[PDB]
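There is one chain below, alone, in structure tokens, taken in the form deposited in one PDB entry.
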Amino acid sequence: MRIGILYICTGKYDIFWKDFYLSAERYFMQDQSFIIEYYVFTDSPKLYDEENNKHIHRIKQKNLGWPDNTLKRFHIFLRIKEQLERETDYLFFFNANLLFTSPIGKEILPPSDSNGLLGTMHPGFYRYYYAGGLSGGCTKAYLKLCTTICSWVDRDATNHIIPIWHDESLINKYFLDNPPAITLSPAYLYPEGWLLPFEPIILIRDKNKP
């Protein structure tokens, strides 16, 4: 199975790519039968390891700023939907500062007989309240999610300068209408420094490097 990773790091966010990437190579879908493609939307002229690893697909993306950079997240993915349909069976979006800390495998893949969607519980809320930092699914289902959310944003994009929507309320509305096949615990979006019962699986990195 071909697993596509969607990753936006415009502007100063590109600093998070190297360790996200290294941790993914170490921990994400370790079983060599899986083939991972990285789709990295950035204004950076060159990403770490890009010259060595052709699974790293740098996609040219203008730096956007509030509200657009997260508000237009799904618009950004859809620019290459044709490429994504031909090259992937699954798609997962990870916020720039996420870091894998332990092995993740096929348990996060929505089965083909499900609605094909994955969402993640917001760590602050531990009918779920979903966080925007991690979502995904089979390629066809996730692209339908993108198209739907894109349509909602576009309703206001011209006439409303101040947005009504935010990427997070958008994903919560989507998952309300379409309860995802898989809902991951906040262990997959564990804010560094927080007191939560479980062990972190994916960490939201804070500002201090070890």
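Residues that one form lacks are left out of the comparison. The numbering used is simple: start at 1 and walk along the sequence shown. Think of the rigid core as the biggest set of C-alphas that the two forms share within 1.5 Å after superposition.
One more form of this protein should be noted, the form deposited in another entry, which is absent from this view; the next part is about it.
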In a fit on the core, which one among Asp156, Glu37, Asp43, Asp68 has a Cα that moves 2 Å or more between the shown form and the other one? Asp156
Fitting the rigid core first, would the Cα of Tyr27 be found 2 Å or more away between the shown form and the other one? no
Answer with closer or farther for the CA-CA spacing of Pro163 and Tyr174 in that other deposited form compared to the shown form; it moves by 3 Å or more. closer
Knowing the Cα distance between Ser169 and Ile162 changes 3 Å or more in that other deposited form, does it shrink or grow relative to here? closer
Please list the stretches that shift between the shown form and the other one, defined as three or more consecutive residues with CA displacements of 2 Å or more after core superposition. 156 to 159, 161 to 165
